[PDB]
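Protein chains in written order, with PDB author numbering: chain G, 1 to 126; chain K, 2 to 126; chain H, 0 to 110; chain L, 1 to 110; chain B, 1 to 75; chain A, 1 to 495; chain E, 348 to 396.
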Amino acid sequence: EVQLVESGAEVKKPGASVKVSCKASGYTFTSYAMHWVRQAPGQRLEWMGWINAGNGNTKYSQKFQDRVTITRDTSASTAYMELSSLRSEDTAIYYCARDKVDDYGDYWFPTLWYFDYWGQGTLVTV
Amino acid sequence: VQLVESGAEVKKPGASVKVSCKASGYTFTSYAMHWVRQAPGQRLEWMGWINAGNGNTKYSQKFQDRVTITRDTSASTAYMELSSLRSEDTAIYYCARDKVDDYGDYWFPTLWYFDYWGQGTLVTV
Amino acid sequence: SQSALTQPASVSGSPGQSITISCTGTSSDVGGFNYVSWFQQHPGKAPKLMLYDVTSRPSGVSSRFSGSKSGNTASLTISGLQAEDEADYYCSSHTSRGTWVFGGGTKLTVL
Amino acid sequence: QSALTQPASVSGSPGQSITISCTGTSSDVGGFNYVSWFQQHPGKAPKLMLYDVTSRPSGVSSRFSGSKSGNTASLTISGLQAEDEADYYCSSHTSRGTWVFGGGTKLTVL
Amino acid sequence: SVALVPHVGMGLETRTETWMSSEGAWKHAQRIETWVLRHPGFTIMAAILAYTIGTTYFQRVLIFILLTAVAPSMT
Amino acid sequence: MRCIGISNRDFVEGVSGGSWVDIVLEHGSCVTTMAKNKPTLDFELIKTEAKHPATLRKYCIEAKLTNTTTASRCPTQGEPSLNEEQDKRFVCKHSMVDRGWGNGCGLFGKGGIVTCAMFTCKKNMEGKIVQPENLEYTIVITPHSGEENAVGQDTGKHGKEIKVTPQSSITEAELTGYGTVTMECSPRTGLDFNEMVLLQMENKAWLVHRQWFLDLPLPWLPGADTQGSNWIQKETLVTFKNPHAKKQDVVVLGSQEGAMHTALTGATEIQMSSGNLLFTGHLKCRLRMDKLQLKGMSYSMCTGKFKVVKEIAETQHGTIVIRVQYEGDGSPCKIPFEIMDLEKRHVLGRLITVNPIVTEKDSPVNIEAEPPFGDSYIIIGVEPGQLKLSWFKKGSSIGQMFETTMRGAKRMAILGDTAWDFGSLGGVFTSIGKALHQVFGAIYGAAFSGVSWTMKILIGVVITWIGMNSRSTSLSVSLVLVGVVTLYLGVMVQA
Amino acid sequence: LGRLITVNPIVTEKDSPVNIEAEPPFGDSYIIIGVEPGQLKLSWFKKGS
Ligand SMILES: *[C@@H]1O[C@H](CO)[C@@H](O)[C@H](O)[C@H]1NC(C)=O
């Protein structure tokens, strides 16, 4: 049984930065790249970035490149997404989807079945 | 094979206490005689060894200037002399053996070093 | 961020009917590669992967859901439309750049 | 050539297998097979349980097994009888010709 | 320098690409060509010397090639 | 099922009388094994792990000098003396300066001077060593049967991965539904790690030759130095200048990382960041197909229609792969897949996904096959709704024969005598060839150790000319052959 | 291929390891210890000639 668990929804002021946490359970956390896809109450899904839990390599979207940091903890097998300077338009539900890295460890081409498992989601209100 | 030490001794700080270990049941000259201390509630601590075959010695750096180890071949007794005693030297002193090589040189131990110990000597200050 | 894949805002279908949801993109993402995944999402619940590799579908997804790709357009066909298939369907692609572009989404409404 | 590192305490219900770790350096434990484990009951002199990493003396039970990986050497007890409750000290003959003893660990068993 | 003695002909080479293999495959040839262009005078002397110590066309060409290759190479 | 998309893929066909084959697995390659009445299997050497390496030496790349001091002696009075000259962490040099009345001496001449500055290593690079016993190769064995149901299966991966170590010669892998496969691998002979060092510089690691590494001209510490200050050849990393025989100064030579990168031009980059993982080199194994049986051979051919869900795509090796969905009933059944001629008289193409079967109706199946050169027709299913997909290969038998000869030659150049053990069944010819190759390779490695590819090409051209100009046709042929092989090896060498 | 040096290796006591000296042949060889059920086979390469 593979389940991804995120921290509970939080409410913040526009100038603050929030750190959501995704906890991977039921698989080798270090062997999968953790993605962070955002949604807003009625708007489309927005890919943000991925952190390679195996070696910590990350990639962000240009929209969120300047004000998002994706971090992982090998020991507790958790993936953090801290959104700094997080303004009101950032009120959103933040999911964490997972995709598997290659045998070599690095994340170069994703697996065709990416985002197979998602978290429940965290609602951040600004 | 039995190693017997002296009785527990109580010394005022700054004094010198000399303990002994009596090696019976084996050739004293063919074995090296180690000294290991253990503070009450602390870990063991190696002090040095005396090569009873020819009197060679090697002390731990923590005791190089204070501990003196000597042998009496005929008496088959090893001596541990720790001068300039301090508060921290309150601890049970053990004696452990280790066979020296065919030539009495004793620079490589035997894999089964410290196989036989003494009951230990208690020194308090 | 590239540009979001465009698909019709809404789709309505009577029970037992076949419904097609079309997703359009550039030659960089949908025209270029086969990383066309369709995600079903009932409201208040995480998106569920229904189709990946354009046509392939996960183990728990039924044979009703079948997808296709033509040029720069990807299609999601739902045969045997059921009332339980009331969710926002998002098409996502892995782009040539190495990023992900979700589609706008279509709301599938029964009858 | 400094004191080896061991957990302060270790516990295990009777009949379980219990493992103790002795971590040294490239000269203490990772360089040589002079890894010996000593069992000391309170108020008594230490007893040589293992030597040469794995070997045990003639009178030592077969429930005591030693392993060494890199700079760390481990001692595992299987039967874990009440008589196994004692302080376990790890030692190693360092590359400089001296002896280093681990901090020691205690087995509670119950 | 460490750079003067590279890890080139050591017999450890697998199918996997080696460090700086692509770029560094022609560095010596490029350096020799640049040195010869910068110092045309020495190449004429090397050719004259090789022709003088000859007795066969193959001998002279080999001598000239070796001289021109080692002239920039010997620091 | 994972080696279709890999450019370096080799097909090992057949087994021996004992039902074993000898295959050499390179890291960047894959091997597909095919034998009569045996399932097709894909083998990939995906990892080599060096466990618990021991630091052998430590080299200084970036240093600094501090506490510079000097002492001078009037001419004819001997040598100056500095107290710091007795500490080996201070680098020193003795030189002679012009001395006289102006600078405080009684007589005119060269007066001795000594300059000592404390040497400190800001940045160093460790060279580590691993014992052959501590290598742990990983191999993935995948049943080459097309089942894209990663989510559907409990495990999640159709390939089974076995860890080969020198401790046990036999490794047994149970492929669910196929029996088990036995691999007799030889980690001892893959790479000589007694003759190699794992050199890790700042955040990058290489795999280097041990003697080359111990001949590096840099300040070094022994692997167990443990104080970190007694560097051996510190004079390689400092320069002493006495420009006019007037004064002497000592400066440090600047960071040598970057010159080390130039030095490492024939090495293989390895990765030591999270463990000493090596992705270079080969592993020679013996593959025993004794308990290996096809899957679902008791099923009946499907009496239904197949829809193509992914069009026939040619692989880089000439094998066509196609995915077919099954629409008929009788879900668990064999897929009637055959490669015919136009008239369907002859079945002239072999199936690489032997015994294709549909386990579930809803799940499609990937089928690979090796059609013949020219026109061929893939017929899938029984005649009601039968799929007849045409194909053209665009090759020639002579062309692929030349390509196979070149592939074998390159393998000999890379693997050496180990190339004789790839897809090899014990024979007199193979053993004799391997012995001859061992002798020749030993002689060639003795003759050509340390030279670069350009030097190899020059020597080969010289030898070719020498042989071509010889009156004996025997020695001439021998020399021409040696030179042509040297030229080939020089062209193929590097990387 | 190889001949034993510790001739007649025997196991006097069960919980008492016995260490065996053998002379493998030059090149690849396999040290087989035990009988088929649970037998351990170990590879070795001797680097001489
Ligand atoms: C060397 O120079 C430093 C200042 O750069 C000074 O602090 C130090 O005392 C001097 N001597 C030694 C032995 O470090």
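Heads up, the beta-carbon is just placed ideally off N, CA and C, and yes, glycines get one too.
Per-residue burial, residue i [other beta carbons within 10 Å of its own, 16 or more giving buried]
i: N37(A); result: exposed
i: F373(E); result: exposed
i: residue 443(E); result: Lying before the first or after the last residue shown, residue 443(E) is absent from chain E, which here runs from 348 to 396.
i: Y57(B); result: exposed
i: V15(A); result: buried
i: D329(A); result: exposed
i: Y178(A); result: buried
i: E126(A); result: buried
i: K157(A); result: exposed
i: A82(L); result: exposed
Contact with chain A by residue i, beta-carbon distance below 9 Å
i: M20(B); result: yes
i: residue 162(G); result: Residue 162(G) falls outside the range modelled here, since chain G spans only 1 to 126, and no answer is possible.
i: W50(G); result: no
i: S69(L); result: yes
i: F392(E); result: yes
i: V2(B); result: yes
Residues that residue i contacts on chain G, provided the C-beta gap is smaller than 9 Å
i: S273(A); result: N55
Residue i: contacting residues in chain E (beta-carbon distance under 7 Å)
i: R471(A); result: In chain order: nothing, as chain E lies at least about 36 Å away.
Chain-ordered chain A contacts of residue i [CB-CB under 7 Å]
i: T16(B); result: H27, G28, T268, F279 and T280
i: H7(B); result: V208, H209, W212, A263, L264, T265, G266 and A267
Within-9 Å CB hit, residue i to chain B
i: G445(A); result: yes
Chain-ordered chain H contacts of residue i [CB-CB under 7 Å]
i: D362(A); result: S62
i: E46(G); result: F101
Chain-ordered neighbours of residue i on chain B, where CB pairs are closer than 8 Å
i: residue 497(A); result: Examination of residue 497(A) is not possible in this model, given that chain A is present from 1 through 495 alone.
Contacts that residue i makes with chain L (C-beta to C-beta distance below 7 Å)
i: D116(K); result: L48 and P57
i: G228(A); result: Result: empty, since nearest Cβ-Cβ is about 13 Å, beyond 7 Å.
Any C-beta of chain K under 9 Å from that of residue i
i: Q40(L); result: yes
Closer than 9 Å to chain H by CB, residue i
i: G121(G); result: yes
i: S61(G); result: yes
i: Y95(G); result: yes
i: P14(G); result: no
i: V37(G); result: yes
Contact with chain G by residue i, beta-carbon distance below 9 Å
i: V321(A); result: no
Below-9 Å beta-carbon distance, residue i vs any chain L residue
i: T236(A); result: no
Closer than 9 Å at the beta carbon, the chain A residues around residue i
i: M10(B); result: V208, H209, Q211, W212, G266, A267, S449 and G450
Residue i: contacting residues in chain L (beta-carbon distance under 9 Å)
i: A224(A); result: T25, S26, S27, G31 and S95
Residue i: contacting residues in chain K (beta-carbon distance under 7 Å)
i: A45(L); result: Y95, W118, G119, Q120 and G121
Contacts that residue i makes with chain A (C-beta to C-beta distance below 8 Å)
i: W113(G); result: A150 and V151
(message) Taking beta-carbon pairs under 9 Å, can you tell me which members of the segment 148 to 178 of chain A lie near chain E?
(response) Cβ contacts with chain E come from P166, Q167, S168, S169 and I170.
(request) Can you give me, in chain order, the residues of the segment 36 to 69 of chain A that have a beta carbon less than 9 Å from any beta carbon in chain G? (result) The residues in question are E44, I46 and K47.
(message) Which residues of the segment 53 to 64 of chain L have a Cβ closer than 7 Å to any Cβ of chain E? Give them in chain order.
(response) Listed in sequence order: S62.
(request) Check each residue of the segment 302 to 317 of chain A: if its Cβ is closer than 7 Å to any Cβ of chain H, include it; give the result in chain order. (result) Those residues of the segment 302 to 317 of chain A that come within reach of chain H (Cβ to Cβ, closer than 7 Å) are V309.
(message) Measuring CB atoms only, is the segment 59 to 69 of chain H touching the segment 13 to 23 of chain L, in the sense that at least three cross pairs come out at less than 8 Å?
(response) No, the segment 59 to 69 of chain H does not touch the segment 13 to 23 of chain L.
(request) Note down, in chain order, all residues in the segment 77 to 110 of chain L with a beta-carbon under 7 Å from any beta-carbon belonging to chain A. (result) Per Cβ criterion, the list reads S95.
(request) Check each residue of the segment 183 to 195 of chain A: if its Cβ is closer than 9 Å to any Cβ of chain E, include it; give the result in chain order. (result) Cβ contacts with chain E: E184, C185, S186, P187, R188, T189, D192 and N194.
(request) Could you name the residues of the segment 22 to 36 of chain H whose beta carbon sits closer than 9 Å to any beta carbon of chain G, in the order they occur along the chain? (result) Listed in chain order, the positions of the segment 22 to 36 of chain H with a beta carbon within less than 9 Å of a beta carbon of chain G are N33, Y34 and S36.
(message) Closer than 8 Å is the cut-off here; do at least three beta carbon pairs connect the segment 39 to 58 of chain A with the segment 314 to 324 of chain A?
(response) In short, these stretches do not touch, since the Cβ pair count stays below three.
(message) Three Cβ pairs or more, each shorter than 8 Å: is that satisfied between the segment 222 to 240 of chain A and the segment 101 to 113 of chain A?
(response) Counting Cβ pairs under 8 Å, fewer than three are found: no touch.
(message) So, does the segment 70 to 87 of chain G touch the segment 42 to 57 of chain G, judging by three or more C-beta pairs under 8 Å?
(response) Yes, the segment 70 to 87 of chain G is in contact with the segment 42 to 57 of chain G.
(request) Please determine if the segment 31 to 50 of chain A and the segment 285 to 298 of chain A are in contact, where contact requires at least 3 C-beta pairs separated by less than 8 Å. (result) Yes: at least three Cβ pairs fall under 8 Å.
(request) Report yes or no: do the segment 16 to 34 of chain B and the segment 433 to 446 of chain A share at least 3 C-beta pairs separated by less than 8 Å? (result) Judged by Cβ distances under 8 Å, the segment 16 to 34 of chain B makes no contact with the segment 433 to 446 of chain A, as fewer than three pairs qualify.
(request) Check whether the segment 18 to 31 of chain A touches the segment 250 to 258 of chain A, taking contact to mean three or more Cβ pairs, one atom from each stretch, closer than 8 Å. (result) Of all C-beta pairs linking the segment 18 to 31 of chain A to the segment 250 to 258 of chain A, fewer than three are shorter than 8 Å, placing the two stretches out of contact.
(request) Kindly confirm or deny that the segment 57 to 64 of chain L and the segment 5 to 14 of chain L touch, where touching means at least three C-beta pairs closer than 8 Å. (result) Segment contact: the segment 57 to 64 of chain L against the segment 5 to 14 of chain L, fewer than three CB-CB distances shorter than 8 Å; contact not assigned.
(request) Inspect the CB distances between the segment 31 to 39 of chain L and the segment 88 to 101 of chain L and report whether three or more fall short of 8 Å. (result) Touching, yes, given that three or more Cβ pairs across the two stretches are closer than 8 Å.
(message) Three Cβ pairs or more, each shorter than 8 Å: is that satisfied between the segment 289 to 298 of chain A and the segment 364 to 384 of chain A?
(response) Three or more Cβ pairs closer than 8 Å define a contact, and the segment 289 to 298 of chain A falls short of that threshold against the segment 364 to 384 of chain A.
(request) Decide yes or no for the touch test of the segment 14 to 22 of chain B against the segment 46 to 54 of chain B: beta carbon pairs closer than 8 Å, at least 3 of them. (result) Look at the beta carbons and you see the segment 14 to 22 of chain B not touching the segment 46 to 54 of chain B: under three pairs across the two are nearer than 8 Å.
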